[PDB]
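The next block is run-v1.cif, given as mmCIF, C-alpha atoms and all ligand atoms.
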```cif
data_model
#
loop_
_atom_site.label_atom_id
_atom_site.label_comp_id
_atom_site.auth_asym_id
_atom_site.auth_seq_id
_atom_site.Cartn_x
_atom_site.Cartn_y
_atom_site.Cartn_z
CA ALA A 1 104.09 107.21 64.43
CA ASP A 2 101.36 107.35 67.07
CA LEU A 3 101.29 106.75 70.81
CA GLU A 4 100.68 103.01 70.45
CA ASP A 5 103.66 102.82 68.07
CA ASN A 6 105.84 104.77 70.49
CA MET A 7 104.88 102.48 73.38
CA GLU A 8 105.68 99.39 71.32
CA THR A 9 109.08 100.94 70.58
CA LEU A 10 109.65 101.58 74.28
CA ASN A 11 108.54 98.04 75.21
CA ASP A 12 110.61 96.23 72.59
CA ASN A 13 113.78 98.19 73.27
CA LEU A 14 113.61 97.98 77.05
CA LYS A 15 113.52 94.21 76.57
CA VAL A 16 116.40 94.40 74.08
CA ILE A 17 118.51 96.03 76.80
CA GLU A 18 117.55 93.30 79.27
CA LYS A 19 118.42 90.53 76.77
CA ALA A 20 121.16 92.25 74.73
CA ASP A 21 123.49 89.67 73.20
CA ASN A 22 126.28 92.23 72.97
CA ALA A 23 127.11 95.55 74.57
CA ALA A 24 126.48 97.63 71.45
CA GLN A 25 122.79 96.70 71.38
CA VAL A 26 122.26 98.62 74.63
CA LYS A 27 123.19 102.03 73.23
CA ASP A 28 121.15 101.40 70.07
CA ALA A 29 118.05 100.52 72.10
CA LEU A 30 118.44 103.51 74.42
CA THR A 31 118.70 105.77 71.37
CA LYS A 32 115.42 104.42 69.97
CA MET A 33 113.72 104.76 73.36
CA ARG A 34 114.78 108.41 73.66
CA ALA A 35 113.16 109.25 70.33
CA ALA A 36 110.00 107.29 71.14
CA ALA A 37 109.67 109.12 74.46
CA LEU A 38 109.96 112.57 72.88
CA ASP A 39 107.46 111.61 70.18
CA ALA A 40 105.00 110.24 72.75
CA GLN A 41 105.24 113.55 74.66
CA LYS A 42 103.42 115.20 71.74
CA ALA A 43 100.36 112.87 71.89
CA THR A 44 97.11 112.94 73.86
CA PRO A 45 96.41 109.71 75.75
CA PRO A 46 92.88 108.27 75.33
CA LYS A 47 92.04 108.65 79.04
CA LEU A 48 92.91 112.38 78.88
CA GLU A 49 91.11 113.20 75.61
CA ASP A 50 88.65 115.44 77.51
CA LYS A 51 91.29 117.47 79.41
CA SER A 52 92.81 120.83 78.58
CA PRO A 53 96.47 120.71 77.47
CA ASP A 54 97.03 122.89 80.56
CA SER A 55 95.35 120.43 82.93
CA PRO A 56 97.45 119.05 85.79
CA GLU A 57 96.92 115.68 84.10
CA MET A 58 98.45 116.63 80.74
CA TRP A 59 101.22 118.52 82.53
CA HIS A 60 102.17 115.43 84.53
CA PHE A 61 101.90 113.26 81.40
CA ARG A 62 104.32 115.45 79.43
CA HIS A 63 106.67 115.82 82.39
CA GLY A 64 106.98 112.06 82.73
CA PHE A 65 108.56 111.92 79.28
CA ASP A 66 110.99 114.72 80.11
CA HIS A 67 112.08 112.84 83.21
CA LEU A 68 112.31 109.52 81.38
CA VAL A 69 114.50 111.18 78.72
CA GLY A 70 116.77 112.54 81.45
CA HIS A 71 117.39 109.06 82.81
CA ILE A 72 117.79 107.65 79.31
CA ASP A 73 120.45 110.33 78.82
CA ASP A 74 122.18 109.27 82.04
CA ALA A 75 122.26 105.69 80.76
CA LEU A 76 123.49 106.78 77.33
CA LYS A 77 126.37 108.67 79.00
CA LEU A 78 127.37 105.50 80.86
CA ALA A 79 127.24 103.49 77.64
CA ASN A 80 129.26 106.15 75.80
CA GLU A 81 131.85 106.03 78.59
CA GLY A 82 132.17 102.30 77.93
CA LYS A 83 130.45 101.42 81.25
CA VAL A 84 127.93 99.29 79.44
CA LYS A 85 127.14 96.99 82.38
CA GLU A 86 126.35 100.10 84.45
CA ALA A 87 124.21 101.36 81.56
CA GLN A 88 122.29 98.09 81.44
CA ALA A 89 121.72 98.30 85.20
CA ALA A 90 120.46 101.88 84.84
CA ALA A 91 118.15 100.82 82.01
CA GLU A 92 116.54 98.28 84.33
CA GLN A 93 115.50 101.17 86.59
CA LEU A 94 113.68 102.82 83.67
CA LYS A 95 110.79 100.39 84.22
CA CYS A 96 109.74 102.58 87.17
CA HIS A 97 109.06 105.42 84.72
CA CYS A 98 106.82 103.13 82.65
CA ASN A 99 104.92 101.89 85.70
CA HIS A 100 104.42 105.36 87.19
CA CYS A 101 102.95 106.97 84.08
CA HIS A 102 100.80 103.90 83.39
CA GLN A 103 99.40 103.93 86.93
CA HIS A 104 98.09 107.42 86.16
CA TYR A 105 97.07 107.32 82.53
CA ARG A 106 97.25 103.93 80.77
CA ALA B 1 112.34 114.29 113.47
CA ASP B 2 115.64 113.96 111.62
CA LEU B 3 116.12 112.48 108.16
CA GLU B 4 117.25 109.08 109.44
CA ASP B 5 114.15 108.63 111.59
CA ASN B 6 111.78 109.76 108.80
CA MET B 7 113.38 107.28 106.41
CA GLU B 8 113.01 104.47 108.94
CA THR B 9 109.31 105.33 109.29
CA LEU B 10 108.87 105.08 105.51
CA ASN B 11 110.80 101.80 105.39
CA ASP B 12 108.88 100.10 108.18
CA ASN B 13 105.42 101.22 107.15
CA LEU B 14 105.85 99.93 103.59
CA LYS B 15 106.15 96.49 105.21
CA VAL B 16 103.20 97.17 107.52
CA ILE B 17 101.09 97.75 104.41
CA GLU B 18 102.40 94.58 102.77
CA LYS B 19 101.60 92.59 105.92
CA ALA B 20 98.10 94.08 106.29
CA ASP B 21 94.82 92.66 105.04
CA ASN B 22 92.25 95.38 105.88
CA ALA B 23 91.66 99.01 104.99
CA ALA B 24 92.17 100.48 108.48
CA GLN B 25 95.63 98.92 108.76
CA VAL B 26 96.67 100.22 105.35
CA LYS B 27 95.22 103.68 106.04
CA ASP B 28 97.03 104.01 109.36
CA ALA B 29 100.36 103.03 107.80
CA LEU B 30 99.95 105.37 104.83
CA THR B 31 99.07 108.23 107.17
CA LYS B 32 102.31 107.65 109.08
CA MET B 33 104.28 107.56 105.80
CA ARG B 34 102.70 110.85 104.72
CA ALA B 35 103.74 112.52 107.97
CA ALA B 36 107.31 111.22 107.65
CA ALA B 37 107.57 112.34 104.02
CA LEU B 38 106.28 115.82 104.87
CA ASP B 39 108.69 116.12 107.80
CA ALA B 40 111.63 115.44 105.46
CA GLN B 41 110.20 117.39 102.51
CA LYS B 42 111.63 120.88 103.12
CA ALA B 43 115.20 120.43 104.39
CA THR B 44 118.35 120.45 102.28
CA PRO B 45 120.37 117.21 102.56
CA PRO B 46 123.91 118.08 103.71
CA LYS B 47 125.23 116.91 100.34
CA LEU B 48 123.39 119.74 98.51
CA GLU B 49 123.81 122.36 101.26
CA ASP B 50 126.09 124.47 99.04
CA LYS B 51 123.65 124.34 96.09
CA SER B 52 121.19 127.15 95.48
CA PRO B 53 117.58 126.52 96.55
CA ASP B 54 116.46 126.94 92.93
CA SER B 55 119.35 124.86 91.56
CA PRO B 56 118.33 121.96 89.30
CA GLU B 57 119.57 119.44 91.84
CA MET B 58 117.62 120.88 94.77
CA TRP B 59 114.58 121.25 92.53
CA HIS B 60 114.68 117.56 91.61
CA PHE B 61 115.24 116.55 95.25
CA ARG B 62 112.27 118.59 96.45
CA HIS B 63 110.15 117.23 93.61
CA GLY B 64 111.04 113.75 94.79
CA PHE B 65 109.35 114.39 98.12
CA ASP B 66 106.43 116.32 96.57
CA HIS B 67 105.78 113.44 94.18
CA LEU B 68 106.10 110.76 96.86
CA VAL B 69 103.54 112.63 98.99
CA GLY B 70 101.21 112.85 95.99
CA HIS B 71 101.23 109.10 95.48
CA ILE B 72 100.87 108.39 99.20
CA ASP B 73 97.80 110.64 99.02
CA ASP B 74 96.43 108.65 96.06
CA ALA B 75 97.03 105.36 97.90
CA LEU B 76 95.26 106.81 100.93
CA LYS B 77 92.22 107.64 98.82
CA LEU B 78 92.06 104.01 97.69
CA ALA B 79 92.28 102.85 101.31
CA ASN B 80 89.48 105.26 102.20
CA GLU B 81 87.30 103.61 99.53
CA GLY B 82 87.87 100.25 101.18
CA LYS B 83 89.97 99.13 98.19
CA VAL B 84 92.52 97.25 100.27
CA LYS B 85 94.36 95.39 97.51
CA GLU B 86 94.47 98.40 95.15
CA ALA B 87 95.90 100.50 97.98
CA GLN B 88 98.47 97.80 98.69
CA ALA B 89 99.52 97.72 95.03
CA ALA B 90 99.83 101.51 94.99
CA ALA B 91 101.95 101.38 98.15
CA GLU B 92 104.28 98.79 96.61
CA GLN B 93 104.77 101.09 93.61
CA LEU B 94 106.06 103.74 96.02
CA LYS B 95 109.39 101.88 96.12
CA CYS B 96 110.15 103.43 92.71
CA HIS B 97 110.14 106.85 94.38
CA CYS B 98 112.49 105.67 97.14
CA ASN B 99 115.00 104.18 94.71
CA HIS B 100 114.86 107.09 92.26
CA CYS B 101 115.79 109.64 94.92
CA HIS B 102 118.42 107.39 96.50
CA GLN B 103 120.21 106.76 93.21
CA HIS B 104 120.40 110.50 92.50
CA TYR B 105 121.26 111.76 95.95
CA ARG B 106 122.69 109.01 98.13
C1 LIG C 1 103.70 108.66 80.38
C2 LIG C 1 104.54 109.67 80.69
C3 LIG C 1 104.23 107.27 79.92
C4 LIG C 1 105.47 106.74 80.03
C5 LIG C 1 106.74 107.32 80.67
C6 LIG C 1 105.45 105.41 79.45
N1 LIG C 1 104.18 105.15 78.97
FE1 LIG C 1 103.57 103.43 78.10
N2 LIG C 1 101.71 104.22 77.92
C7 LIG C 1 101.30 105.48 78.31
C8 LIG C 1 99.89 105.63 77.99
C9 LIG C 1 99.05 106.89 78.25
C10 LIG C 1 99.47 104.49 77.41
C11 LIG C 1 98.05 104.14 76.87
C12 LIG C 1 98.12 104.31 75.36
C13 LIG C 1 96.83 103.98 74.65
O1 LIG C 1 96.68 104.39 73.48
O2 LIG C 1 95.96 103.31 75.26
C14 LIG C 1 100.60 103.59 77.37
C15 LIG C 1 100.58 102.31 76.86
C16 LIG C 1 101.67 101.47 76.79
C17 LIG C 1 101.66 100.16 76.21
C18 LIG C 1 100.40 99.54 75.56
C19 LIG C 1 100.34 100.13 74.14
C20 LIG C 1 99.15 99.66 73.33
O3 LIG C 1 99.35 99.30 72.14
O4 LIG C 1 98.00 99.62 73.86
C21 LIG C 1 102.88 99.63 76.32
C22 LIG C 1 103.33 98.24 75.83
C23 LIG C 1 103.72 100.60 77.00
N3 LIG C 1 102.95 101.71 77.27
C24 LIG C 1 105.05 100.46 77.31
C25 LIG C 1 105.83 101.39 77.97
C26 LIG C 1 107.16 101.18 78.48
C27 LIG C 1 107.93 99.84 78.37
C28 LIG C 1 107.58 102.30 79.10
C29 LIG C 1 108.95 102.53 79.79
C30 LIG C 1 110.08 102.35 79.07
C31 LIG C 1 106.52 103.28 78.95
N4 LIG C 1 105.45 102.68 78.29
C32 LIG C 1 106.54 104.58 79.41
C33 LIG C 1 102.09 106.43 78.91
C34 LIG C 1 103.42 106.28 79.23
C1 LIG C 2 114.54 112.02 98.16
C2 LIG C 2 113.63 112.83 97.57
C3 LIG C 2 114.18 110.70 98.90
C4 LIG C 2 113.07 109.95 98.81
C5 LIG C 2 111.83 110.14 97.92
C6 LIG C 2 113.21 108.83 99.72
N1 LIG C 2 114.42 108.94 100.37
FE1 LIG C 2 115.20 107.57 101.66
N2 LIG C 2 116.85 108.69 101.86
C7 LIG C 2 117.10 109.90 101.23
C8 LIG C 2 118.38 110.39 101.68
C9 LIG C 2 119.02 111.72 101.21
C10 LIG C 2 118.89 109.51 102.56
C11 LIG C 2 120.24 109.61 103.30
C12 LIG C 2 120.18 110.66 104.40
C13 LIG C 2 121.51 110.74 105.11
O1 LIG C 2 121.78 111.77 105.78
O2 LIG C 2 122.30 109.76 104.99
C14 LIG C 2 117.94 108.42 102.69
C15 LIG C 2 118.09 107.31 103.49
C16 LIG C 2 117.18 106.28 103.61
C17 LIG C 2 117.34 105.09 104.43
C18 LIG C 2 118.57 104.76 105.31
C19 LIG C 2 118.58 105.63 106.56
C20 LIG C 2 120.02 105.81 106.97
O3 LIG C 2 120.27 106.26 108.12
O4 LIG C 2 120.91 105.50 106.13
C21 LIG C 2 116.25 104.34 104.28
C22 LIG C 2 115.96 102.98 104.96
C23 LIG C 2 115.35 105.01 103.37
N3 LIG C 2 115.96 106.19 102.98
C24 LIG C 2 114.11 104.57 102.96
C25 LIG C 2 113.29 105.21 102.06
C26 LIG C 2 112.03 104.70 101.57
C27 LIG C 2 111.42 103.35 101.99
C28 LIG C 2 111.54 105.59 100.69
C29 LIG C 2 110.22 105.53 99.87
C30 LIG C 2 109.08 105.08 100.44
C31 LIG C 2 112.46 106.70 100.63
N4 LIG C 2 113.52 106.44 101.47
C32 LIG C 2 112.28 107.83 99.87
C33 LIG C 2 116.28 110.53 100.31
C34 LIG C 2 115.05 110.07 99.89
NI NI C 3 115.36 111.79 88.19
NI NI C 4 102.67 110.85 89.55
#
```
Turn the structure described in the file into structure tokens.
Ligand code: HEC
Ligand code: HEC
Ligand code: NI
Ligand code: NI
Amino acid sequence: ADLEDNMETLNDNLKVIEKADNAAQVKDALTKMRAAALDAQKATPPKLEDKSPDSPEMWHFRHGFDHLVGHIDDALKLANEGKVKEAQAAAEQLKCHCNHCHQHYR
Amino acid sequence: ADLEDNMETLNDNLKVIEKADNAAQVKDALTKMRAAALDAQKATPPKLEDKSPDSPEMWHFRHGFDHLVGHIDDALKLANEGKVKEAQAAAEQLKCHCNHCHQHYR
């Protein structure tokens, strides 16, 4: 899968969490988002095609996925503790990670 | 100034930027936010006072301020180009930084 695929996965599953018909859908969507984020971390975005992999730009791009995965993991822990409403609330705050990275590089 | 006063400065000047309609107003407000963020950047909040300075929690807290300052700087550059509405949109996206740090550390 490529970066566009990964972003579709992130977009669809963030919306699944927002609209989940049952609690179990939340964990399943978070799990798919985590994998999409780690896959996306291994891509080069079109607007950074000219930059070194050691550029401050590519460093900040990769770091955004590490930080997103950390907060996905926090939400997964809540869902695995049965606190699925709290997990859904945490997932809502993941949109800030999307908006931040996009502001830089989308 | 102390942490409470720096946080009030950040709070109020976000609204100043929202209320504004010209570049000078937005620039002045962002410059005050930058100074408040930098004033609060280096201290340890009394909740992490027993944590090591290189501990993961202090590292993430310090990065919160470093990253906030970076995006204030970017918003300032837009204001200095006369791009009032782009600077206002960038300032509104700063709320993600405020909420991220608060949810971790407050
Ligand atoms: C950087 C660390 C990112 C994070 C975190 C998220 N996204 Fe992203 N996204 C990023 C880039 C560089 C791009 C441009 C990709 C391109 O090839 O042009 C995108 C794009 C999207 C898109 C549009 C995809 C397309 O087919 O053009 C969507 C729908 C999208 N991103 C969604 C999305 C969501 C919901 C995120 C949070 C959960 C998210 N992204 C994080 C970089 C980064
Ligand atoms: C960490 C890296 C933070 C960032 C980024 C922002 N804030 Fe914050 N804020 C932080 C702490 C640790 C505290 C509590 C300090 C204490 O001793 O209690 C706060 C508090 C506030 C407050 C309330 C002030 C009070 O006396 O309770 C406000 C109104 C506030 N913060 C606003 C704010 C805004 C608007 C921010 C982004 C622009 C922001 N903070 C960032 C830690 C951190
Ligand atoms: Ni975090
Ligand atoms: Ni950034």
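With the cut-off set to 10 Å and only C-alpha atoms counted, chain B residues close to chain A are residues 60, 71, 90, 93, 94, 95, 96, 97, 99, 100 and 103 of chain B.
Here chain A was fitted onto chain B over its full set of C-alpha atoms, and the resulting RMSD is 1.2 Å.
For the atom pair formed by atom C29 of ligand LIG 2 (chain C) and atom CA of residue 9 of chain A, the distance is 29.7 Å, given to one decimal.
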Do you have, as a Markdown table, the list of residues of chain B lying at most 7 Å from ligand LIG 2 (chain C), each with its nearest atom pair and that distance in Å to one decimal, counting only C-alpha atoms and all ligand atoms and ordered by chain then number?
```
| residue | atom | partner | partner_atom | distance |
| --- | --- | --- | --- | --- |
| B:3 | CA | C:LIG2 | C12 | 5.8 |
| B:4 | CA | C:LIG2 | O3 | 4.3 |
| B:7 | CA | C:LIG2 | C23 | 4.3 |
| B:8 | CA | C:LIG2 | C22 | 5.2 |
| B:10 | CA | C:LIG2 | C27 | 4.7 |
| B:11 | CA | C:LIG2 | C27 | 3.8 |
| B:14 | CA | C:LIG2 | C27 | 6.7 |
| B:45 | CA | C:LIG2 | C9 | 5.8 |
| B:46 | CA | C:LIG2 | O1 | 7.0 |
| B:61 | CA | C:LIG2 | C2 | 4.7 |
| B:62 | CA | C:LIG2 | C2 | 6.0 |
| B:63 | CA | C:LIG2 | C2 | 6.9 |
| B:64 | CA | C:LIG2 | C2 | 3.9 |
| B:65 | CA | C:LIG2 | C2 | 4.6 |
| B:68 | CA | C:LIG2 | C5 | 5.9 |
| B:94 | CA | C:LIG2 | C30 | 5.5 |
| B:95 | CA | C:LIG2 | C29 | 5.3 |
| B:97 | CA | C:LIG2 | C5 | 5.1 |
| B:98 | CA | C:LIG2 | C32 | 3.5 |
| B:99 | CA | C:LIG2 | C32 | 6.9 |
| B:101 | CA | C:LIG2 | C1 | 4.2 |
| B:102 | CA | C:LIG2 | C33 | 5.4 |
| B:105 | CA | C:LIG2 | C9 | 5.7 |
| B:106 | CA | C:LIG2 | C9 | 5.5 |
```
Once you have the residues from the selection above, write them out as a JSON list (two decimals), in the coordinates of the input, restricted to C-alpha atoms.
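Now in part25.json:
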```json
[["chain", "number", "residue", "atom", "x", "y", "z"],
["B", 3, "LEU", "CA", 116.12, 112.48, 108.16],
["B", 4, "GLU", "CA", 117.25, 109.08, 109.44],
["B", 7, "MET", "CA", 113.38, 107.28, 106.41],
["B", 8, "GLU", "CA", 113.01, 104.47, 108.94],
["B", 10, "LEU", "CA", 108.87, 105.08, 105.51],
["B", 11, "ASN", "CA", 110.80, 101.80, 105.39],
["B", 14, "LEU", "CA", 105.85, 99.93, 103.59],
["B", 45, "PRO", "CA", 120.37, 117.21, 102.56],
["B", 46, "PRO", "CA", 123.91, 118.08, 103.71],
["B", 61, "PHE", "CA", 115.24, 116.55, 95.25],
["B", 62, "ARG", "CA", 112.27, 118.59, 96.45],
["B", 63, "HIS", "CA", 110.15, 117.23, 93.61],
["B", 64, "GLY", "CA", 111.04, 113.75, 94.79],
["B", 65, "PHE", "CA", 109.35, 114.39, 98.12],
["B", 68, "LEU", "CA", 106.10, 110.76, 96.86],
["B", 94, "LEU", "CA", 106.06, 103.74, 96.02],
["B", 95, "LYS", "CA", 109.39, 101.88, 96.12],
["B", 97, "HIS", "CA", 110.14, 106.85, 94.38],
["B", 98, "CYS", "CA", 112.49, 105.67, 97.14],
["B", 99, "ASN", "CA", 115.00, 104.18, 94.71],
["B", 101, "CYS", "CA", 115.79, 109.64, 94.92],
["B", 102, "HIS", "CA", 118.42, 107.39, 96.50],
["B", 105, "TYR", "CA", 121.26, 111.76, 95.95],
["B", 106, "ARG", "CA", 122.69, 109.01, 98.13]]
```
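Note that the spacing between atom CA of residue 69 of chain A and atom CA of residue 89 of chain B amounts to 25.9 Å.
The gap separating atom CA of residue 13 of chain A from atom CA of residue 42 of chain A is 20.0 Å, in Å to one decimal.
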